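Next comes model04.cif, a file with mmCIF, N, CA and C atoms and all ligand atoms.
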data_model
loop_
_atom_site.label_atom_id
_atom_site.label_comp_id
_atom_site.auth_asym_id
_atom_site.auth_seq_id
_atom_site.Cartn_x
_atom_site.Cartn_y
_atom_site.Cartn_z
N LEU A 894 -39.46 6.68 -4.44
CA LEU A 894 -38.70 7.42 -5.44
C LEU A 894 -39.61 7.69 -6.63
N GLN A 895 -39.91 8.94 -6.99
CA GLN A 895 -40.79 9.16 -8.14
C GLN A 895 -40.13 8.69 -9.44
N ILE A 896 -40.95 8.24 -10.38
CA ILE A 896 -40.58 7.90 -11.75
C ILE A 896 -41.79 8.15 -12.66
N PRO A 897 -41.66 8.62 -13.92
CA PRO A 897 -42.81 8.80 -14.79
C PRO A 897 -43.52 7.48 -15.06
N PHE A 898 -44.86 7.45 -15.14
CA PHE A 898 -45.58 6.18 -15.16
C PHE A 898 -45.29 5.31 -16.39
N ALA A 899 -45.10 5.90 -17.57
CA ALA A 899 -44.68 5.16 -18.75
C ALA A 899 -43.28 4.56 -18.61
N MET A 900 -42.37 5.19 -17.87
CA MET A 900 -41.04 4.64 -17.59
C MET A 900 -41.08 3.53 -16.54
N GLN A 901 -41.95 3.62 -15.54
CA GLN A 901 -42.26 2.49 -14.67
C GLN A 901 -42.81 1.31 -15.47
N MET A 902 -43.76 1.52 -16.37
CA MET A 902 -44.32 0.46 -17.21
C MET A 902 -43.29 -0.14 -18.17
N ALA A 903 -42.36 0.66 -18.68
CA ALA A 903 -41.21 0.18 -19.44
C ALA A 903 -40.30 -0.75 -18.62
N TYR A 904 -40.06 -0.48 -17.34
CA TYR A 904 -39.38 -1.43 -16.45
C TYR A 904 -40.19 -2.71 -16.23
N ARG A 905 -41.53 -2.65 -16.10
CA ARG A 905 -42.37 -3.85 -15.99
C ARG A 905 -42.26 -4.72 -17.24
N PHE A 906 -42.14 -4.13 -18.42
CA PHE A 906 -41.91 -4.84 -19.68
C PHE A 906 -40.54 -5.51 -19.71
N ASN A 907 -39.45 -4.87 -19.28
CA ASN A 907 -38.17 -5.56 -19.09
C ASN A 907 -38.28 -6.73 -18.11
N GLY A 908 -39.05 -6.60 -17.02
CA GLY A 908 -39.25 -7.65 -16.03
C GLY A 908 -39.94 -8.91 -16.55
N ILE A 909 -40.79 -8.81 -17.57
CA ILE A 909 -41.40 -9.96 -18.27
C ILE A 909 -40.58 -10.45 -19.47
N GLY A 910 -39.42 -9.86 -19.76
CA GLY A 910 -38.58 -10.25 -20.88
C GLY A 910 -39.04 -9.71 -22.23
N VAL A 911 -39.67 -8.53 -22.25
CA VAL A 911 -40.03 -7.79 -23.47
C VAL A 911 -39.18 -6.51 -23.52
N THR A 912 -38.48 -6.26 -24.62
CA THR A 912 -37.58 -5.10 -24.73
C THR A 912 -38.35 -3.79 -24.63
N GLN A 913 -37.89 -2.83 -23.84
CA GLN A 913 -38.72 -1.69 -23.45
C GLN A 913 -39.10 -0.71 -24.56
N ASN A 914 -38.43 -0.71 -25.71
CA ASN A 914 -38.91 0.03 -26.87
C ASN A 914 -40.29 -0.45 -27.32
N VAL A 915 -40.65 -1.72 -27.08
CA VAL A 915 -41.98 -2.25 -27.36
C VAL A 915 -43.05 -1.51 -26.58
N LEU A 916 -42.77 -1.01 -25.38
CA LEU A 916 -43.73 -0.18 -24.67
C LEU A 916 -43.81 1.21 -25.29
N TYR A 917 -42.71 1.93 -25.42
CA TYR A 917 -42.75 3.31 -25.90
C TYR A 917 -43.27 3.44 -27.33
N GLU A 918 -43.05 2.45 -28.18
CA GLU A 918 -43.56 2.39 -29.54
C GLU A 918 -45.04 2.00 -29.63
N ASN A 919 -45.61 1.41 -28.58
CA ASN A 919 -47.02 0.99 -28.50
C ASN A 919 -47.76 1.63 -27.33
N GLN A 920 -47.27 2.73 -26.75
CA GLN A 920 -47.74 3.23 -25.46
C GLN A 920 -49.22 3.59 -25.48
N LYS A 921 -49.67 4.22 -26.57
CA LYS A 921 -51.06 4.64 -26.79
C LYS A 921 -52.02 3.45 -26.87
N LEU A 922 -51.64 2.38 -27.57
CA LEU A 922 -52.36 1.10 -27.59
C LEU A 922 -52.40 0.43 -26.21
N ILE A 923 -51.27 0.33 -25.50
CA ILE A 923 -51.17 -0.30 -24.18
C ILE A 923 -52.05 0.43 -23.16
N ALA A 924 -52.05 1.76 -23.17
CA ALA A 924 -52.91 2.59 -22.33
C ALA A 924 -54.40 2.38 -22.64
N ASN A 925 -54.80 2.35 -23.92
CA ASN A 925 -56.18 2.06 -24.31
C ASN A 925 -56.63 0.66 -23.89
N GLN A 926 -55.80 -0.36 -24.03
CA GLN A 926 -56.11 -1.71 -23.56
C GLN A 926 -56.24 -1.78 -22.04
N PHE A 927 -55.39 -1.09 -21.27
CA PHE A 927 -55.54 -0.99 -19.82
C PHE A 927 -56.85 -0.29 -19.43
N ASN A 928 -57.13 0.88 -20.01
CA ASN A 928 -58.33 1.66 -19.70
C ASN A 928 -59.61 0.86 -20.02
N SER A 929 -59.62 0.12 -21.12
CA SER A 929 -60.74 -0.74 -21.51
C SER A 929 -60.92 -1.94 -20.59
N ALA A 930 -59.83 -2.55 -20.12
CA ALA A 930 -59.87 -3.67 -19.19
C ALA A 930 -60.39 -3.28 -17.79
N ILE A 931 -60.06 -2.09 -17.28
CA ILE A 931 -60.69 -1.53 -16.07
C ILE A 931 -62.18 -1.25 -16.30
N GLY A 932 -62.58 -0.75 -17.47
CA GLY A 932 -63.99 -0.57 -17.83
C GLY A 932 -64.81 -1.86 -17.77
N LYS A 933 -64.30 -2.98 -18.27
CA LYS A 933 -64.95 -4.30 -18.17
C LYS A 933 -65.16 -4.76 -16.73
N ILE A 934 -64.31 -4.35 -15.79
CA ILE A 934 -64.45 -4.69 -14.37
C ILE A 934 -65.56 -3.87 -13.72
N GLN A 935 -65.71 -2.58 -14.03
CA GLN A 935 -66.89 -1.83 -13.60
C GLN A 935 -68.18 -2.51 -14.07
N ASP A 936 -68.25 -2.92 -15.34
CA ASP A 936 -69.42 -3.59 -15.92
C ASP A 936 -69.72 -4.93 -15.25
N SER A 937 -68.71 -5.77 -15.02
CA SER A 937 -68.88 -7.04 -14.31
C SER A 937 -69.41 -6.82 -12.89
N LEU A 938 -68.79 -5.93 -12.12
CA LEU A 938 -69.19 -5.65 -10.73
C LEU A 938 -70.52 -4.89 -10.62
N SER A 939 -70.93 -4.14 -11.65
CA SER A 939 -72.25 -3.50 -11.71
C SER A 939 -73.35 -4.52 -12.02
N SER A 940 -73.13 -5.37 -13.03
CA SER A 940 -74.14 -6.29 -13.55
C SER A 940 -74.34 -7.54 -12.68
N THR A 941 -73.28 -8.03 -12.04
CA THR A 941 -73.23 -9.40 -11.50
C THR A 941 -72.78 -9.41 -10.04
N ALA A 942 -73.52 -10.10 -9.16
CA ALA A 942 -73.20 -10.19 -7.73
C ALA A 942 -72.27 -11.37 -7.36
N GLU B 1092 -29.36 -1.32 -20.04
CA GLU B 1092 -29.77 -1.60 -18.67
C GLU B 1092 -29.44 -0.38 -17.82
N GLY B 1093 -30.41 0.50 -17.64
CA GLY B 1093 -30.20 1.81 -17.04
C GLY B 1093 -31.38 2.73 -17.23
N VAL B 1094 -31.18 4.00 -16.93
CA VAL B 1094 -32.14 5.09 -17.15
C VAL B 1094 -31.40 6.35 -17.59
N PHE B 1095 -31.95 7.13 -18.52
CA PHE B 1095 -31.36 8.42 -18.89
C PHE B 1095 -31.72 9.48 -17.86
N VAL B 1096 -30.75 10.27 -17.42
CA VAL B 1096 -30.95 11.37 -16.47
C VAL B 1096 -30.13 12.59 -16.84
N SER B 1097 -30.57 13.75 -16.38
CA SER B 1097 -29.86 15.00 -16.54
C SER B 1097 -29.68 15.73 -15.22
N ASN B 1098 -28.50 16.32 -15.03
CA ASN B 1098 -28.20 17.26 -13.95
C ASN B 1098 -28.80 18.67 -14.18
N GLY B 1099 -29.52 18.87 -15.28
CA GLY B 1099 -30.13 20.13 -15.69
C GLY B 1099 -29.56 20.67 -17.01
N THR B 1100 -28.31 20.33 -17.35
CA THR B 1100 -27.65 20.81 -18.58
C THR B 1100 -27.06 19.69 -19.43
N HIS B 1101 -26.60 18.60 -18.81
CA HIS B 1101 -25.94 17.47 -19.47
C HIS B 1101 -26.70 16.17 -19.22
N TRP B 1102 -26.64 15.24 -20.17
CA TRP B 1102 -27.35 13.96 -20.15
C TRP B 1102 -26.39 12.79 -19.95
N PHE B 1103 -26.78 11.85 -19.09
CA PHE B 1103 -26.03 10.65 -18.75
C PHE B 1103 -26.94 9.42 -18.76
N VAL B 1104 -26.38 8.23 -18.95
CA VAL B 1104 -27.03 6.98 -18.52
C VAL B 1104 -26.64 6.74 -17.08
N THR B 1105 -27.50 6.12 -16.29
CA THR B 1105 -27.10 5.60 -14.98
C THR B 1105 -27.79 4.28 -14.68
N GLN B 1106 -27.20 3.45 -13.82
CA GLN B 1106 -27.87 2.26 -13.30
C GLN B 1106 -29.01 2.66 -12.37
N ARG B 1107 -30.07 1.86 -12.29
CA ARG B 1107 -31.35 2.33 -11.74
C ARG B 1107 -31.39 2.45 -10.21
N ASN B 1108 -30.60 1.66 -9.48
CA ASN B 1108 -30.65 1.52 -8.02
C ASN B 1108 -29.53 2.25 -7.25
N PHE B 1109 -28.67 2.99 -7.94
CA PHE B 1109 -27.52 3.68 -7.36
C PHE B 1109 -26.99 4.71 -8.35
N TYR B 1110 -26.91 5.99 -7.98
CA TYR B 1110 -26.48 7.02 -8.93
C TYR B 1110 -24.99 6.90 -9.28
N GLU B 1111 -24.73 6.62 -10.55
CA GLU B 1111 -23.41 6.50 -11.16
C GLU B 1111 -23.53 6.96 -12.62
N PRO B 1112 -23.33 8.24 -12.94
CA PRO B 1112 -23.57 8.77 -14.27
C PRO B 1112 -22.45 8.42 -15.26
N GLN B 1113 -22.81 8.05 -16.48
CA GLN B 1113 -21.89 7.73 -17.58
C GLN B 1113 -22.29 8.43 -18.88
N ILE B 1114 -21.31 8.73 -19.73
CA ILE B 1114 -21.52 9.30 -21.07
C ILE B 1114 -22.42 8.38 -21.91
N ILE B 1115 -23.40 8.95 -22.60
CA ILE B 1115 -24.31 8.20 -23.47
C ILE B 1115 -23.57 7.80 -24.75
N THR B 1116 -23.53 6.51 -25.06
CA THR B 1116 -22.79 5.95 -26.20
C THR B 1116 -23.61 4.90 -26.94
N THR B 1117 -23.14 4.51 -28.12
CA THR B 1117 -23.62 3.33 -28.86
C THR B 1117 -23.54 2.01 -28.08
N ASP B 1118 -22.84 1.96 -26.95
CA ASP B 1118 -22.51 0.72 -26.26
C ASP B 1118 -23.38 0.49 -25.02
N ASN B 1119 -23.73 1.55 -24.30
CA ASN B 1119 -24.71 1.52 -23.20
C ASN B 1119 -26.15 1.81 -23.66
N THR B 1120 -26.40 1.91 -24.96
CA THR B 1120 -27.72 2.13 -25.56
C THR B 1120 -27.96 1.25 -26.79
N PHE B 1121 -29.21 1.09 -27.21
CA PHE B 1121 -29.60 0.41 -28.44
C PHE B 1121 -30.59 1.26 -29.24
N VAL B 1122 -30.54 1.20 -30.57
CA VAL B 1122 -31.48 1.92 -31.45
C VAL B 1122 -32.77 1.13 -31.65
N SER B 1123 -33.91 1.81 -31.75
CA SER B 1123 -35.11 1.26 -32.38
C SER B 1123 -35.98 2.33 -33.02
N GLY B 1124 -36.02 2.36 -34.35
CA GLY B 1124 -36.85 3.29 -35.11
C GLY B 1124 -36.40 4.74 -35.04
N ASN B 1125 -37.27 5.64 -35.48
CA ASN B 1125 -37.03 7.08 -35.55
C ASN B 1125 -37.71 7.85 -34.40
N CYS B 1126 -37.39 9.14 -34.29
CA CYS B 1126 -37.83 9.99 -33.18
C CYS B 1126 -39.32 10.39 -33.20
N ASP B 1127 -40.06 10.08 -34.27
CA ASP B 1127 -41.44 10.54 -34.44
C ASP B 1127 -42.48 9.78 -33.60
N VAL B 1128 -42.17 8.57 -33.12
CA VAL B 1128 -43.14 7.71 -32.42
C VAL B 1128 -43.14 7.90 -30.90
N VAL B 1129 -41.97 7.95 -30.25
CA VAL B 1129 -41.84 7.90 -28.79
C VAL B 1129 -42.31 9.19 -28.11
N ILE B 1130 -43.26 9.09 -27.18
CA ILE B 1130 -43.80 10.23 -26.43
C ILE B 1130 -42.76 10.69 -25.40
N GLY B 1131 -42.23 11.90 -25.54
CA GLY B 1131 -41.29 12.49 -24.57
C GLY B 1131 -39.80 12.28 -24.83
N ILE B 1132 -39.40 11.82 -26.02
CA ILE B 1132 -37.99 11.73 -26.45
C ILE B 1132 -37.27 13.09 -26.42
N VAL B 1133 -35.96 13.14 -26.14
CA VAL B 1133 -35.17 14.38 -26.13
C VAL B 1133 -34.01 14.34 -27.11
N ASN B 1134 -33.69 15.46 -27.77
CA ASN B 1134 -32.50 15.59 -28.62
C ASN B 1134 -31.23 15.63 -27.77
N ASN B 1135 -30.25 14.77 -28.05
CA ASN B 1135 -28.90 14.84 -27.48
C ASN B 1135 -27.91 14.10 -28.39
N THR B 1136 -26.61 14.35 -28.25
CA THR B 1136 -25.59 13.55 -28.94
C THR B 1136 -25.43 12.18 -28.28
N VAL B 1137 -25.25 11.13 -29.09
CA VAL B 1137 -24.81 9.80 -28.63
C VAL B 1137 -23.41 9.55 -29.16
N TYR B 1138 -22.46 9.29 -28.27
CA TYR B 1138 -21.05 9.15 -28.62
C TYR B 1138 -20.73 7.78 -29.23
N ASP B 1139 -19.86 7.74 -30.23
CA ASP B 1139 -19.42 6.51 -30.89
C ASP B 1139 -17.93 6.27 -30.61
N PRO B 1140 -17.57 5.28 -29.77
CA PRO B 1140 -16.18 5.04 -29.38
C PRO B 1140 -15.25 4.59 -30.51
N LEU B 1141 -15.76 4.22 -31.69
CA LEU B 1141 -14.91 3.91 -32.84
C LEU B 1141 -14.42 5.18 -33.54
N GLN B 1142 -15.21 6.25 -33.55
CA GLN B 1142 -14.89 7.46 -34.32
C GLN B 1142 -13.55 8.13 -33.94
N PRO B 1143 -13.12 8.20 -32.67
CA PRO B 1143 -11.79 8.72 -32.33
C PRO B 1143 -10.64 7.94 -32.96
N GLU B 1144 -10.81 6.63 -33.17
CA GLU B 1144 -9.81 5.78 -33.81
C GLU B 1144 -9.76 6.01 -35.32
N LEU B 1145 -10.90 6.36 -35.92
CA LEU B 1145 -11.02 6.77 -37.33
C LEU B 1145 -10.55 8.23 -37.54
N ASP B 1146 -10.71 9.10 -36.55
CA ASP B 1146 -10.11 10.45 -36.52
C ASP B 1146 -8.58 10.43 -36.36
N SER B 1147 -8.00 9.34 -35.83
CA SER B 1147 -6.56 9.23 -35.54
C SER B 1147 -5.68 9.30 -36.80
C1 LIG C 1201 -44.66 16.09 -20.16
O1 LIG C 1201 -45.83 16.97 -20.30
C2 LIG C 1201 -45.55 18.19 -21.08
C3 LIG C 1201 -46.79 19.07 -21.02
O2 LIG C 1201 -47.14 19.26 -19.64
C4 LIG C 1201 -45.14 17.77 -22.50
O3 LIG C 1201 -44.78 18.94 -23.26
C5 LIG C 1201 -43.92 16.84 -22.46
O4 LIG C 1201 -43.61 16.40 -23.81
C6 LIG C 1201 -44.15 15.62 -21.54
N1 LIG C 1201 -42.89 14.87 -21.39
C7 LIG C 1201 -42.85 13.55 -21.25
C8 LIG C 1201 -41.46 12.94 -20.96
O5 LIG C 1201 -43.86 12.85 -21.33
#
Step by step, read the file and then write its structure as structure tokens.
Amino acid sequence: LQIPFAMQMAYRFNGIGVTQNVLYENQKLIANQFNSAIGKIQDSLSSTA
Amino acid sequence: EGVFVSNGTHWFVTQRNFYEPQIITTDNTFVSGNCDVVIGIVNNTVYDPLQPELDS
């Protein structure tokens, strides 16, 4: 069933017991923290065997 | 506890796992802040079930 990705992430926030307005009010920060955390994994897997 | 949906012209709340549309009210929704922050918010009326009793 399709759903917009920020609305899926808002359901994940309800699932951990965080009220979903906390996602929509911080969405730009949450996306930047996710994108940066995937970047650190490229660096770890590039640098270290 | 739900999701907002539209049939194309009108807006409803519904439960997430089974389509059952309901009028959007102060009781099936909660407020947080103003409309300037949320990416993709839509203008619609939210009904207040006390107001008909004050109109009486
Ligand atoms: C979806 O993307 C369009 C541009 O393609 C934008 O105008 C709109 O505000 C976005 N809506 C949501 C719910 O993110």
Name the residues, by chain letter and number, that sit within 7 Å of ligand LIG 1201 (chain C) using all atoms listed in the file, and give them as a PyMOL selection string. chain B and resi 1130-1132
Within 7 Å of chain B, which residues of chain A are there when counting all atoms listed in the file? Please give them as a ChimeraX atom specification. /A:914,917-918
Store the residues of this selection in a file with N, CA and C atoms, as a short mmCIF file (atom, residue, chain, number, x, y, z; two decimals), in the frame of the given file.
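Once written, result-v5.cif looks like this:
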data_model
loop_
_atom_site.label_atom_id
_atom_site.label_comp_id
_atom_site.auth_asym_id
_atom_site.auth_seq_id
_atom_site.Cartn_x
_atom_site.Cartn_y
_atom_site.Cartn_z
N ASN A 914 -38.43 -0.71 -25.71
CA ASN A 914 -38.91 0.03 -26.87
C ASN A 914 -40.29 -0.45 -27.32
N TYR A 917 -42.71 1.93 -25.42
CA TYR A 917 -42.75 3.31 -25.90
C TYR A 917 -43.27 3.44 -27.33
N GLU A 918 -43.05 2.45 -28.18
CA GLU A 918 -43.56 2.39 -29.54
C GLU A 918 -45.04 2.00 -29.63
#
From a backbone DSSP assignment, name each residue in chain B labelled strand (DSSP E), as a list in words. residues 1094, 1095, 1096, 1097, 1102, 1103, 1104, 1105, 1113 and 1114 of chain B
When you draw a straight line from atom N of residue 922 of chain A to atom CA of residue 1125 of chain B, how long is it in Å? 17.3 Å
Quick one: pull the distance between atom CA of residue 1097 of chain B and atom C of residue 897 of chain A, Å, one decimal. 15.7 Å
So how far away is atom N of residue 1138 of chain B from atom C of residue 1100 of chain B, in Å?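 So the answer is 14.4 Å.
Residues lying within 8 Å of residue 916 of chain A, counting only C-alpha atoms and ignoring same-chain neighbours fewer than 6 positions away, are residues 902, 903, 906 and 923 of chain A.
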